[PDB]
Amino acid sequence: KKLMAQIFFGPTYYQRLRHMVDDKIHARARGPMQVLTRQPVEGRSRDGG
Amino acid sequence: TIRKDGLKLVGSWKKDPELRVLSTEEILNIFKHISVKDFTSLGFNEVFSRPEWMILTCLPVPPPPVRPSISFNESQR
């Protein structure tokens, strides 16, 4: 069916930015602990909390 | 009149000036002679903190858990 409103429509230049979700998703139940304080390590690269 | 010059207390006795460094030995001795009533009026406690315990004569050494050797060189401590 026809849309009751007419749509603004046309080509436009878009950039893909460096921030993707697959580089940011991170979850941790249990894993490595810090040697001094016996607390979880820091950062998703180290499976941190 | 007592001032501090770095980590040491220098006393200038008004001339009865005599400037000299107060040895921690004599400060400890004069702290140990303070009566219980005197230093309990100064805020100290007879059981948990006497003034003469502010002078260090025996250092407690923490166990290795306090100061661990986190060797990351995979061979060198």
# chains A, B, ... in the order shown; residues from 1 in each chain; ligands from 1
>>> residues_around(residues="residue 31 in chain B", least_positions_apart="3", cutoff="8 Å", atoms="only C-alpha atoms", output="list in words")
residues 27, 28, 34, 51 and 52 of chain B
>>> select_by_dssp(residues="chain B", states="alpha helix (DSSP H)", output="list in words")
residues 24, 25, 26, 27, 28, 29, 30, 31, 32, 36, 37, 38, 39, 40 and 41 of chain B
>>> write_last_selection(atoms="N, CA, C and O atoms", output="compact mmCIF listing (two decimals), in the first residue's frame")
# COMPACT_ATOMS: atom_id res chain seq x y z
N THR B 24 67.11 10.88 69.07
CA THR B 24 65.91 10.09 69.31
C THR B 24 66.01 9.25 70.58
O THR B 24 64.98 8.86 71.14
N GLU B 25 67.23 8.97 71.05
CA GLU B 25 67.40 8.30 72.33
C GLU B 25 66.83 9.13 73.47
O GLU B 25 66.05 8.63 74.29
N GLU B 26 67.21 10.41 73.54
CA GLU B 26 66.74 11.25 74.64
C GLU B 26 65.26 11.58 74.51
O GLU B 26 64.56 11.68 75.52
N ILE B 27 64.76 11.71 73.28
CA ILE B 27 63.33 11.91 73.08
C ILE B 27 62.55 10.68 73.53
O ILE B 27 61.51 10.79 74.19
N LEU B 28 63.04 9.48 73.19
CA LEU B 28 62.39 8.26 73.64
C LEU B 28 62.41 8.15 75.16
O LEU B 28 61.42 7.77 75.78
N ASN B 29 63.55 8.49 75.78
CA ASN B 29 63.65 8.42 77.23
C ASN B 29 62.67 9.38 77.90
O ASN B 29 62.00 9.03 78.87
N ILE B 30 62.58 10.61 77.38
CA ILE B 30 61.70 11.59 78.00
C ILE B 30 60.24 11.26 77.73
O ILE B 30 59.36 11.63 78.53
N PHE B 31 59.94 10.56 76.63
CA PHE B 31 58.58 10.08 76.41
C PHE B 31 58.23 8.93 77.34
O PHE B 31 57.08 8.81 77.77
N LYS B 32 59.20 8.07 77.66
CA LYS B 32 58.92 6.95 78.55
C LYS B 32 58.72 7.38 80.00
O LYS B 32 58.19 6.60 80.79
N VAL B 36 51.21 8.29 83.47
CA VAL B 36 50.00 7.78 82.84
C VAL B 36 48.93 8.86 82.80
O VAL B 36 48.27 9.07 81.77
N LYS B 37 48.75 9.57 83.91
CA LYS B 37 47.76 10.64 83.96
C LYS B 37 48.11 11.75 82.96
O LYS B 37 47.21 12.36 82.38
N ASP B 38 49.40 12.02 82.77
CA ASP B 38 49.80 13.08 81.85
C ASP B 38 49.46 12.74 80.41
O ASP B 38 48.85 13.54 79.70
N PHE B 39 49.86 11.55 79.94
CA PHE B 39 49.64 11.25 78.53
C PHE B 39 48.24 10.74 78.25
O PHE B 39 47.83 10.71 77.08
N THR B 40 47.48 10.33 79.27
CA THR B 40 46.07 10.06 79.04
C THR B 40 45.25 11.34 78.94
O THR B 40 44.14 11.30 78.41
N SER B 41 45.78 12.46 79.43
CA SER B 41 45.16 13.75 79.22
C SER B 41 45.54 14.35 77.87
O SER B 41 44.86 15.28 77.41
>>> closest_atom_pairs(of="chain A", to="chain B", cutoff="12 Å", atoms="only C-alpha atoms", output="JSON lines")
{"residue": "A:34", "atom": "CA", "partner": "B:70", "partner_atom": "CA", "distance": 10.4}
{"residue": "A:35", "atom": "CA", "partner": "B:70", "partner_atom": "CA", "distance": 7.5}
{"residue": "A:36", "atom": "CA", "partner": "B:68", "partner_atom": "CA", "distance": 6.8}
{"residue": "A:37", "atom": "CA", "partner": "B:66", "partner_atom": "CA", "distance": 9.3}
{"residue": "A:38", "atom": "CA", "partner": "B:65", "partner_atom": "CA", "distance": 10.7}
>>> select_by_dssp(residues="range 1-56 of chain B", states="strand (DSSP E)", output="ChimeraX atom specification")
/B:2-5,8-13,18-21
>>> residues_around(residues="residue 7 in chain B", least_positions_apart="5", cutoff="12 Å", atoms="only C-alpha atoms", output="VMD selection string")
chain B and resid 21 to 24
